[PDB]
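[1] Structure here, sequence nowhere to be found:
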Ligand SMILES: [Cl-]
Ligand SMILES: [Zn+2]
């Protein structure tokens with residue numbers, strides 16, 4: 001189980017490392033008392049490299065992640081999300097024990113957004129992790145992939161390839177675990 005530490009999520013004080021509820025009842029962003037409370041506003045310039053980091057008790061052999069944006073500062077199940085980065089394999093890490101960035105690309109207008117990190121764990125229960133953060137962008141993108149909370153279930157043991165990964169894709173896992181190009185993810 002993991003949670004995002006950078007960028008700083010909304011409602012950090014009540015954010016836990018549990019995945020989204022399987023029935024979709026807390027999608028998006030782990031709906032709770034203070035889901036969209038700004039703990040710390042995160043700020044990024046277009047083209048600026050920004051840190052993405054995580055804390056928790058198990059990386060579940062990694063998996064695959066997206067970084068997505070919505071103009072909604074209080075997203076609902078009907079919000080439109082656009083992917084700015086996909087990481088296929090090796091996210092959030094490969095092993096447990098005692099690395100990633102994203103950039104706001106050209107084509108994103110300055111303004112206020114919600115940023116989401118989503119993670120599909122390679123090993124264990126068929127889960128979707130999601131944490132959301134307030135992002136201010138100072139001054140070609142596909143819809144975010146959703147599975148495991150919507151009746152679409154992924155396959156255990158594989159680093160999934162997103163159907164629509166977008167043009168910014170990093171591979172950080174073991175090639176032997178990476179799903180085939182064009183494979184059905186769920
Ligand atoms: Cl860990
Ligand atoms: Zn876990």
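    Done, it's in. Numbers count the residues shown, from 1 in each chain. Ligands and ions are numbered 1, 2, ... in the order given.
[2] hey, let's count contacts and neighbours off CA atoms from now on
    Fine.
[3] Is the closest residue to residue 42 other than its chain neighbours in a helix, a strand, or coil?
    When the adjacent residues along the chain are set aside, residue 42 lies closest to residue 135, with 4.8 Å between them (Cα to Cα, 6 or more residues apart in numbering). Secondary structure assignment for residue 135 (DSSP: H, G, I helix; E, B strand; the rest coil): strand.
[4] Contact partners for residue 135?
    Applying Cα atoms under 8 Å, 6 or more residues apart in numbering, we find residue 135 in contact with 41, 42, 43, 44, 112, 113, 114, 115.
[5] how many neighbours does the last one have?
    This means residue 115. Using other Cα atoms under 10 Å as the criterion, residue 115 is surrounded by 28 other residues.
[6] how about it, what does it touch?
    With Cα under 8 Å, 6+ apart, residue 115 has these contacts: 67, 68, 69, 70, 132, 133, 134, 135.
[7] Please apply the same query to the first one.
    Under the criterion of Cα under 8 Å, 6+ apart, the contact partners of residue 41 comprise 8, 133, 134, 135, 136.
[8] excluding its backbone neighbours, what's nearest the residue sitting furthest away from the middle of the chain?
    The outermost residue of the chain relative to its centre, with distances by Cα atoms, centre = their mean, is residue 139 at 24.6 Å. Taking Cα to Cα, 6+ apart as the measure, residue 139 lies nearest to residue 110, with 5.1 Å between them; neighbours along the chain are not counted.
[9] who are the neighbours in contact with that neighbour?
    Under the criterion of Cα under 8 Å, 6+ apart, the neighbours of residue 110 are 136, 137, 138, 139.
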